[PDB]
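Worksheet: one structure, shown below.
No lab work stands behind these numbers, since they all come straight from the coordinates. Cβ placement follows ideal geometry from the backbone for every residue including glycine, while neighbour counts extend to all protein chains displayed.
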Amino acid sequence: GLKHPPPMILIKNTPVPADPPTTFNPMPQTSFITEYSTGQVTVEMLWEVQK
Amino acid sequence: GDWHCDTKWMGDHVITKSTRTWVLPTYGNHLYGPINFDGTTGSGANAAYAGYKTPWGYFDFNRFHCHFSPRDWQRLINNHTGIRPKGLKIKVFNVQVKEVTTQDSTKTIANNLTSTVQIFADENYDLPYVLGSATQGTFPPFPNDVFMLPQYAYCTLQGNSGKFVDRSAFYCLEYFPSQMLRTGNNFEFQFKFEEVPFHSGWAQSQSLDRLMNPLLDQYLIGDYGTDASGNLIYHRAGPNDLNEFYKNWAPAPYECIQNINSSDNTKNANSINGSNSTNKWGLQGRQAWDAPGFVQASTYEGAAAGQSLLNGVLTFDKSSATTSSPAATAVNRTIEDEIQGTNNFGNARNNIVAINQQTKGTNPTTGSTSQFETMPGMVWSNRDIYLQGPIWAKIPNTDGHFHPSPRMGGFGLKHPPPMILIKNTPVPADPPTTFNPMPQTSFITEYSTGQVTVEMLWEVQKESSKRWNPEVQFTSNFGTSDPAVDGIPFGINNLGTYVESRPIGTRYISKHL
Amino acid sequence: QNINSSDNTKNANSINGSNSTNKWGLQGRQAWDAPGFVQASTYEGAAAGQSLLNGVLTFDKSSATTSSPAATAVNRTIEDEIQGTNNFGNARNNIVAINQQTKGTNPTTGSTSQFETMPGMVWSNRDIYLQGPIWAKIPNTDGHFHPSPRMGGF
Amino acid sequence: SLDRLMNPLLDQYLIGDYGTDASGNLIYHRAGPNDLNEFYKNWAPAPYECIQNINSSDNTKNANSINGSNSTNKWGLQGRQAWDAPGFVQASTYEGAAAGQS
Amino acid sequence: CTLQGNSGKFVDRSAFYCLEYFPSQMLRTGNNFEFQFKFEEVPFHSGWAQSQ
Amino acid sequence: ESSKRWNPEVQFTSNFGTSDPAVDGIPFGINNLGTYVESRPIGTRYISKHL
Amino acid sequence: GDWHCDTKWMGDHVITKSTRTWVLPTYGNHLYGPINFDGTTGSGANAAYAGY
Amino acid sequence: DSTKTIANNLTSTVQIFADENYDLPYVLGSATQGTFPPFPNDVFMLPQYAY
Amino acid sequence: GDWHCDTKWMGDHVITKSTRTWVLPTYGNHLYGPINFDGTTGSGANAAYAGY
């Protein structure tokens, strides 16, 4: 039990918009390029033990 | 080049940061063009204009919800009686240029690392300044939305039927120095605001005719009338008549504006034509609406529910929309009653003046007036600022101006934040193998996108009031919301759309006059 | 409106003062505008006793509680020293053009009861008196025009 | 000009009051490129006292036998009147007006 | 007087002040109270009559 | 209070329609008889936090 | 940026390292949304929730 | 049509932050799925955040 | 010896001051006395007490 546990690490792909129309529109743009990401993660922990 | 979007409250000042994602199309096929309207197919001769549209585009951050979340805005208005802008800095970064190819049905999008974009700030105010007109294209209030940059265009001096004249000006934007950005390059700009007064963030807890000690009498004697023989009669004002006290100060000037009731249709007349009933000012032989006008009280305590003024208040959309005739359930209509102490109701028209010269045989007569303008000894309050409203406006460059506080709201500035303009650099397609002198009209189809961060330094005034009883605060009050249909107010609904539930002013804490 | 303090032959009979005074509205009710922005109460050549109805300050000769003091018990001020820059209050003699003239329609003008501040005007403030107030507090507001208190002083 | 300061391609995010319907309900309208005169605006033009027109070039525009002193603007002081001239400056003519307008 | 509604009734923004909530000093016989004040800059009142 | 929620929070506010100075007076104030009245109870819990 | 995944036993303490490969899709079409359950089609009223 | 092509984009980004002040609802510690796999050679999805 | 009754908000701490006027009678005719209750005329045996 911990008052201050290891904090959450959050991640997301940055949205990349598709081609806009050539006339200005005030609405938010809903069309995006389909993508995903991948990588490596390493975690290192120091533990204390009793013999 | 990292994301920020956050607020830091330090004592007497506060810093806001926000980051958005923008997308820039090629406008106008890389062409300038003249634009006019002669008015006929539209409203009429009052609608005519002449000008130019350009291939360029620009950034507009001039609304408050660009810089403040609703919770931060609450933290401001309950605890502070004033705010003014101090400094500004802007960064454009992570630019990508993308090429579009269409073969048959399918459409492919590829990245081009060497192609550029051009950007410059207009620091000397050389271009016509189109910010401060409260138009669309501002940064979205919700930080995750992607938005288009609007195309830059301007109006110039016109003659009859929207034709150019000798003093009409054409501007070439390539005649300015600008810097060219590839992937990996960024643009930065810093700005310092001129000194302005704090916006007044409180509601009035007194009225201008009650400033006296109610228990006492005046040592000044008033004129009560004449007797049957014509001798002057004197009267001393006191607690039984407070309206007859001699006073040092007078309320705000007005142009009479027509009333309207937004809630209750039994109060309104049928089939009102709004354009025929609004206040107007003339210029160059044509007329324009005067709206919202110089601010008046839209309602006062004791007035009927829903009382308002026709084109006398600001009205906002709940969500970004293109609709030309939005429904009443889709809008946020502001109410200014916090100024009712110094500012009369807009439709009252109840000031009285003497209309003749009395002698024995002719009785004195008076009349009410629809027009009462500025006189020595008047005091008034400015229109409120809103979370959905504009921050600043550019004071016109002229010999004279009276109390240059912009009528829609905010801070009048001699030197506002300059316009930042941007466009994709044209990339020609394959030329012919024989020399041709003509300009080349064939280009590669492309668009660009990136991130922009804006950081503002604000100065604020903390609230010292010594009243004993508690004060009104802005609070979140709604019975229940359906997550299936609706969602949390000031939040994302079931369709993924951000909704601003109600309008929010700055005037909650109260002060005596 | 004008009033004559000395000579009753100049006044109309049975004037109701409250009905004839200038008023401004606020919050759905009305209050007297008095003394108002100062005007000349009389000028040289005007009849003796010429004054303005609730346009001047009037004081008691001695401290008193009376609600309706007699004329012999009061000191009525006269401001004629401003008659160079400030018109007589009941004159209403400024003239403006009320139509647009063409061949066939003659130009017409009219007098006005209201003429407000324009670029290029000059004026004088109301005088201070040995019996009058010294100072007043300017209301705390976004805007005010020429904040000189109307009854007098600083 | 002071009514054209906007970007002519865009619409406002402010909504105007268009009128009432047959039952008396308020109707809303968004101003845009088809009506630029209905835009909400920050600034207003100059104050005026109305001054009579005259045409210096073309006598067919003027009325006959105008008495100038009777038709000019005047202010009173000390029980007498004086001309207010030239007055606070107004535009004497504008583009599209007839030739000689003053 | 404070902000009113119809018929001289209080409303939400009406303010009540307790004067005992201020610091004050207590005077017996032999004690005195002193206060000093400086006026802000204002123009001279014009003490002349116009001869033109 | 440091909270990072987006939407606004509940605050304690003075809400009453109208009060009669003849009969009643201002809430949390002196009534017509000179008596001090505490109109409603007030806790400390208004701002919200997740667990 | 290299791989590790290994353990080192030192006396009274021990250090673990591990390396993995992750994949991240785009969730929700770049949208937030409210989610509820009223319980009926599931267990019942004890199963209801609201969130984002 | 039927086929699916996958290309690499060198300029596009991903966003990551740790929540050090515990400002978000903490959904770890509920013993749900989406943890690192025990066997080091497996590839795993990151779960979607909700509260 | 002066009046105060006021509050000062400083950052992470706050100071309150208040002043009141008290009146003290002579109690008990300058006497101590024992007090009891056996409970009968009141609630009952659960109400009994002894003291001074």
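Screening B:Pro140 with (1) closer than 30 Å to C:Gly28 by Cα; (2) out of contact with any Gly (no Cβ under 7 Å at 6 or more places or on another chain) gives one miss only, at (1).
Kindly establish whether B:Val454 is at negative phi and either in a strand (DSSP E or B) or within 8 Å of another protein chain (Cβ to nearest Cβ) (or both). Considered against the rule, which asks whether it is at negative phi and either in a strand (DSSP E or B) or within 8 Å of another protein chain (Cβ to nearest Cβ) (or both), B:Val454 comes out as yes. Residues in the stretch D:1-54 that are of a type in the set (A, V, I, L, M), facing chain B (nearest Cβ under 7 Å) and either under 30 Å from C:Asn106 (Cβ atoms) or assigned to a loop (DSSP other than H, G, I, E, B) (or both): D:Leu2, D:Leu5, D:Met6, D:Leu9, D:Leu10, D:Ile15, D:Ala22, D:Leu36, D:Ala44. Where the second residue is surrounded by fewer than 10 Cβ atoms within 10 Å (Cβ to Cβ) and among the hydrophobic types (A, V, I, L, M, F, W, C) and the first is over 12 Å from I:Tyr52 (Cα atoms) and lies in the stretch I:30-42, which pairs have Cβ atoms under 6 Å and are six or more apart or on separate chains? Matching pairs, first to second residue: I:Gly39/I:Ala45.
Considering the stretch C:109-126, and only residues there that are more than 8 Å from every other protein chain (Cβ to nearest Cβ) and either touching a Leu at 6+ places or on another chain (Cβ under 9 Å) or among the hydroxyl-bearing types (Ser, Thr, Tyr) (or both), the residue that is surrounded by the most Cβ atoms within 10 Å (Cβ to Cβ) turns out to be C:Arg126. Selection of the stretch C:136-145 for residues being surrounded by fewer than 18 Cβ atoms within 10 Å (Cβ to Cβ) and either more than 10 Å from chain B (Cβ to nearest Cβ) or among the charged types (D, E, K, R) (or both) yields only C:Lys137. Consider the stretch B:179-196 and keep the residues that are outside any strand (DSSP E or B) and under 30 Å from the mean Cα position of the chain (by Cα). The one that is surrounded by the fewest Cβ atoms within 10 Å (Cβ to Cβ) is B:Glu195. Only residues that are crowded, with 18+ Cβ neighbours inside 10 Å and part of a loop (DSSP other than H, G, I, E, B) were counted across the stretch C:55-65, and they come to 3.
For the stretch B:66-82, the set of residues classified as within 16 Å of B:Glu455 (Cβ to Cβ) and either in contact with a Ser or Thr (Cβ under 6 Å, 6 or more places away or on another chain) or surrounded by fewer than 22 Cβ atoms within 10 Å (Cβ to Cβ) (or both) consists of B:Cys66, B:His67, B:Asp72, listed by residue number. Quick check on the stretch B:300-308. Is at least one of its residues facing another protein chain (nearest Cβ under 7 Å) and surrounded by fewer than 17 Cβ atoms within 10 Å (Cβ to Cβ)? Yes, the conditions are met somewhere in the stretch B:300-308. Applying the criterion of being of a type in the set (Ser, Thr, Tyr) and out of contact with any strand residue (DSSP E or B) (no Cβ under 9 Å at 6 or more places or on another chain) to the residues of the stretch D:55-83, the residue that is nearest to the other protein chains (Cβ to nearest Cβ) is D:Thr60.
Restricting the stretch B:254-277 to residues that are outside any strand (DSSP E or B) and more than 8 Å from every other protein chain (Cβ to nearest Cβ), the residue that is nearest to the chain's Cα centre (by Cα) is B:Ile257.
Please specify each residue of the stretch B:197-247 satisfying the condition of being assigned to a loop (DSSP other than H, G, I, E, B) and within 30 Å of B:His80 (Cβ to Cβ). Full working, then the answer.
To start, the set of residues in the stretch B:197-247 that are assigned to a loop (DSSP other than H, G, I, E, B) comprises B:197-198, B:201-202, B:205-219, B:221, B:227-231, B:236-237, B:239-240, B:242-247.
Result: B:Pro197, B:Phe198, B:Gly201, B:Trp202, B:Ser205, B:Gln206, B:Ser207, B:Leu208, B:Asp209, B:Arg210, B:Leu211.
Restricting to the stretch B:460-490, count the residues that are more than 14 Å from chain G (Cβ to nearest Cβ) and either in contact with a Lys or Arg (Cβ under 7 Å, 6 or more places away or on another chain) or not basic (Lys, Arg) (or both).
Step one: of the stretch B:460-490, the residues more than 14 Å from chain G (Cβ to nearest Cβ) are B:460-479.
Still in the list and also either in contact with a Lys or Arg (Cβ under 7 Å, 6 or more places away or on another chain) or not basic (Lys, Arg) (or both): B:460-461, B:463-465, B:468-479.
Here the count works out to 17.
Considering every residue within the stretch B:416-435, establish whether at least one is of a type in the set (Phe, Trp, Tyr), over 28 Å from B:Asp122 (Cβ atoms) and either within 14 Å of chain G (Cβ to nearest Cβ) or buried (at least 16 other Cβ atoms within 10 Å of the Cβ) (or both). For the stretch B:416-435, residues of a type in the set (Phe, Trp, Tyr), over 28 Å from B:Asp122 (Cβ atoms) and either within 14 Å of chain G (Cβ to nearest Cβ) or buried (at least 16 other Cβ atoms within 10 Å of the Cβ) (or both): absent.
For (1) touching a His at 6+ places or on another chain (Cβ under 6 Å); (2) away from every other protein chain (no Cβ under 14 Å); (3) more than 30 Å from B:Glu463 (Cβ to Cβ); (4) surrounded by 10 or more Cβ atoms within 10 Å (Cβ to Cβ), each residue gets a yes or a no:
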| position | (1), (2), (3), (4) |
| --- | --- |
| I:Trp3 | no, no, no, yes |
| I:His13 | no, yes, no, no |
| I:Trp22 | no, yes, yes, no |
| I:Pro25 | no, yes, yes, no |
| I:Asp38 | no, yes, yes, yes |
| I:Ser43 | no, yes, yes, yes |
| I:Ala47 | no, yes, yes, yes |
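Would you mind finding the one in B:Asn351, B:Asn363, B:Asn356 that is over 29 Å from the mean Cα position of the chain (by Cα), surrounded by 20 or more Cβ atoms within 10 Å (Cβ to Cβ) and closer than 30 Å to C:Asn11 by Cβ?
Working: B:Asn363 fails: surrounded by 20 or more Cβ atoms within 10 Å (Cβ to Cβ); B:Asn356 fails: surrounded by 20 or more Cβ atoms within 10 Å (Cβ to Cβ).
On inspection, the qualifying residue turns out to be B:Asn351.
Taken over the stretch B:146-162, residues that are surrounded by fewer than 20 Cβ atoms within 10 Å (Cβ to Cβ) and more than 9 Å from chain D (Cβ to nearest Cβ) amount to 1. Looking across the stretch B:206-253 at every residue that is over 21 Å from C:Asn19 (Cβ atoms) and of a type in the set (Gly, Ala, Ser), the one that is nearest to the chain's Cα centre (by Cα) is identified as B:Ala252.
Restricting F:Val23, F:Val10 to residues that are out of contact with any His (no Cβ under 6 Å at 6 or more places or on another chain), more than 20 Å from B:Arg467 (Cα to Cα), among the β-branched types (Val, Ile, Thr) and free of Cβ contacts under 8 Å to residues at least 24 places away in the same chain narrows the list to F:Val23. Annotation note: of B:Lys98, B:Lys91, the sole residue that is touching a residue at least 24 places away in the same chain (Cβ under 8 Å), assigned to a strand (DSSP E or B), within 28 Å of B:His4 (Cβ to Cβ) and within 12 Å of another protein chain (Cβ to nearest Cβ) is B:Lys98.
Among the residues making up the stretch B:424-451, those that are of a type in the set (A, V, I, L, M, F, W, C) and either part of a loop (DSSP other than H, G, I, E, B) or without any contact (Cβ under 8 Å) to a residue 40 or more places away in the chain (or both) are B:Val427, B:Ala429, B:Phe435, B:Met438, B:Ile444.
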